[PDB]
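Laid out below as structure tokens are two forms of one and the same protein chain, each shown alone and named structure 1 and structure 2.
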Structure 1
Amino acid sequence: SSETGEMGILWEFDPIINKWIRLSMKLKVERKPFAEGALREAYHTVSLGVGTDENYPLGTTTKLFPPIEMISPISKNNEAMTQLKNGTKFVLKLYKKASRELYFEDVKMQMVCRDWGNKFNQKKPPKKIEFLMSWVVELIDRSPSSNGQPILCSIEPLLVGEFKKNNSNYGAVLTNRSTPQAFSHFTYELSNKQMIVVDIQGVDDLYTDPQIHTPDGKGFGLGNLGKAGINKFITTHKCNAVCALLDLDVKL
């Protein structure tokens, strides 16, 4: 896209292949954020097109993430081209002060959840589910951080409407809605008790910002509360109609 904007390197994860896709994009960001936290700020932004990474060759990196073996050389099949197509309005998130690896893990996590989202929908439930696409972006045209590292930011599509938390990452149950609860339960059982997708939130059944727990506690960022988090979900969990429809064992 021709018009005056910022350039950026766009990373997309493929949970099917377990590999990272590398891309380029041009984007126009608003000077002022429309949201704040103690942790992060959110900025409205427009896509001025998505392209391939060829002009910005990755080279041989020693200490960055991800490693080359983790990268897919082919990029042809991806969501970004279409979802972040020229003209598209979206959200840009910025974390204050954590590390590179963890930024990528968030996006990895998101994709894994999105995937299980589709696995859930395959079983033809009354209400279908979707997790938002997310992406890592390297802001190249901006001068790098205090350390050598360039400026990193996460990105997702606009999420319009009344935002609702249905469960939490530590066993809270926050809505009478039964679908979100069933979905987390579903993920626990069908993963052979290896993972849960909790912290299910968003507008209706369009979800974002999830969190995964795993027994060993390894992976999926600092929000992974391991066996503890899994227990908390289970101790508060009451199976419902949708649990039942899916042949979900009442015992966890």
Structure 2
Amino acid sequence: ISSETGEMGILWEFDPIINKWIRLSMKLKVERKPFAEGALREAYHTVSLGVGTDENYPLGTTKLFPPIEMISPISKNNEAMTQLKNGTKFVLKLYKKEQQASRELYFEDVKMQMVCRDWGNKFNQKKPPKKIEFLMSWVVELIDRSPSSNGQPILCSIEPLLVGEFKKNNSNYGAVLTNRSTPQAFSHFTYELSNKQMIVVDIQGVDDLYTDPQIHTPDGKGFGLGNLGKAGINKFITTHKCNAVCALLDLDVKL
């Protein structure tokens, strides 16, 4: 939008309510060194230098992912234009040294986060002691960065900066890592209210602002490599103890 030295990116937002991706551009400036890492990715402080349209960067085609029918022809409205306005401090995440990553996985992961965000709203609507919220997430094609040896463009995901102490409350394979009730009751709520079609675990973040969740489904399909299917779900069942939040939401002690 307004520049000023940084790098260009193709910015992708998923909107669940119209079931389409919204394609934009942005400029960002990222720090050279990461400020945190996990098992898979490193996270980098970044500043936004504005969000604009994708008009200078034609799509193609010939195929494409996401496919053309999954892309909105109109991109005038989106969260990115407010949440990533010029001057915003945010987080960029890059995979560490990865051959398990594919273009399709970046998009699966961001869609997954958007799905959990809808679940957070549905939870909040039953009026629990502590409302919860999932951060937006976005796919960025770092188009100014040179493709590595394989010829693949550089991709990353971005999300807002969380301020405070970052805590993980459950894992994607049955760990209950804090004594807080809301995160565990939310996981249980997603399982029951979805009629056992899915569960949201890996509940982590700062307070009840959450990021990087994981979904399991009975058939194991979609939701990235962390979808552990029936094993994942059952592992949650084994360690769940219902709490006051579960009871308040009228969730069945039988899972």
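Counting starts at 1 and follows the sequence of structure 1. C-alpha atoms forming the largest set that superposes within 1.5 Å between two forms make up the rigid core.
Fitting the two forms on the rigid core leaves the C-alpha of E36 displaced by at least 2 angstroms between structures 1 and 2. Once the core of the two forms is superposed, the Cα of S146 has moved 2.1 Å between structures 1 and 2.
Core superposition places the C-alpha of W116 0.6 Å apart between structures 1 and 2.
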